[PDB]
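Below is one structure; the comments refer to it alone.
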Amino acid sequence: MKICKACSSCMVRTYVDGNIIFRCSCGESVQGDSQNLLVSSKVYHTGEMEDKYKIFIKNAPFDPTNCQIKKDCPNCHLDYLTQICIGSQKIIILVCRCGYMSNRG
Amino acid sequence: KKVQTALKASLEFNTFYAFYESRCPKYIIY
Amino acid sequence: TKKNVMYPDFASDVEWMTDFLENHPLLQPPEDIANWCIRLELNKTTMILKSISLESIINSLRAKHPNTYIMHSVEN
Ligand SMILES: [Zn+2]
Ligand SMILES: [Zn+2]
């Protein structure tokens, strides 16, 4: 985000001409260097588990409604472990109340 | 034990054949 | 190929750009090239999955949009 220094308003991009200058409605212009020259992008990777479920994956070991399986936690050696299955790829994540995350998340 | 090991080996072979129906590492009956 | 500033994320493209230029000297950046570009990264897994060749992609693109100038890198 580019905000006008004087009046803290949104500054349009105005892709002219060989460079990019951000122009406010009050006239302030702040130019642009290298990192301002990206216009738009859309990466193709059908993955949001890293941020979409981050809160959910953290809270899961405390969720009483989550499914558990009889496996030992490598960190704290509890013999039960809550099992999460996320997304269309049906990624299985094993987590524990001690912070163990099973190489995923 | 024999049934389990045969099943796991056959499943691994099934997946391998499914991936490489046309592709090269670097066919229907088995 | 003077210097030009790019997005510093994809700034290391010049080394393979020069490789393209020396390996494809039939085609050079046209005089009407505008101050707009699209950087596309190919999904290697899909093109090996469906047996799509890179040359096929590039020739189809340059035949369907001569109005646009395309540069391809070495990929095999
Ligand atoms: Zn302003
Ligand atoms: Zn644990």
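Structure notes:
- Each residue, C:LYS3 and A:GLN89, gets one label point 7 Å from its Cα in the Cβ direction; the gap between the two is 4.2 nm.
- Note: relative contact order over chain A, using C-alpha pairs below 8 Å and six or more positions apart, is 14 percent.
- Using alpha-carbon coordinates, inclination of helix C:54-64 to the longest axis of chain C, degrees: 60 degrees
- In this structure, the amide hydrogen of A:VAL30, modeled 1.01 Å from its nitrogen in the peptide plane, lies closer than 5 angstrom to those of A:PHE22, counting only residues at least 5 positions away or on a different chain.
- The amide H of A:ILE93, built 1.01 Å from its N in the peptide plane, has A:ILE84, A:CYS85, A:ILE86 as neighbours under 5 Å, considering only residues 5 or more places off or on other chains.
- Backbone phi angles across the stretch C:16-26, fed through the Karplus curve with coefficients 6.51, -1.76 and 1.60 (θ = phi - 60°), yield HN-Hα couplings of 7, 5, 4, 4, 4, 4, 6, 8, 10, x, 5 Hz in residue order; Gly and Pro are listed as x.
- With a cut-off of 13 Å between beta carbons, the residues surrounding A:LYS42 carry a summed charge of 0, where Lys and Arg count +1 and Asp and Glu -1.
- Amide N proximity, the stretch C:26-40 versus A:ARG13 label position 7 Å along Cα-to-Cβ, cut-off under 18 Å: C:34-40
- Farthest toward the positive end of the dipole of chain A, out of A:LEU94, A:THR65, A:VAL16, is the Cα of A:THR65, where the dipole comes from beta carbon charges about the Cα centre.
- Rounded to the nearest whole Hz, the Karplus-based 3J(HN,Hα) values (6.51 cos²θ - 1.76 cosθ + 1.60, θ = phi - 60°) of the stretch A:4-15 follow the sequence 5, 5, 6, 10, 6, 10, 5, 10, 5, 8, 6, 5, with x at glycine and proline.
- Listed by chain and number, the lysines whose alpha-carbon sits under 26 Å from that of A:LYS54, ignoring those within fewer than 8 places in the same chain, are A:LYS42, A:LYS70, A:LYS71, A:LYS90.
- Over all orientations, the stretch A:7-97 has a Cα convex hull whose mean projected area works out to 10.8 square nanometres.
- Under 20 Å from A:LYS58, Cα to Cα: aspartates and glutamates that are on another chain or at least 8 residues apart: A:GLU48, A:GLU50, A:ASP72, A:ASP79
- Averaged over C:67-75, number of beta-carbon atoms from partner chains that fall within 10 Å: 0
- Across peptide A:37-43, the mean count of Cβ atoms from other chains lying within 10 Å of each residue's own Cβ comes to 3.
- Cα centroid separation - the stretch C:12-76 against the stretch A:1-72, whole Å: 29 Å
Using ideal geometry, Cβ is built from the backbone for each residue, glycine included, and neighbour counts are taken over all protein chains shown. Read the figures in this text as sums done on the coordinates, not as results from a lab.
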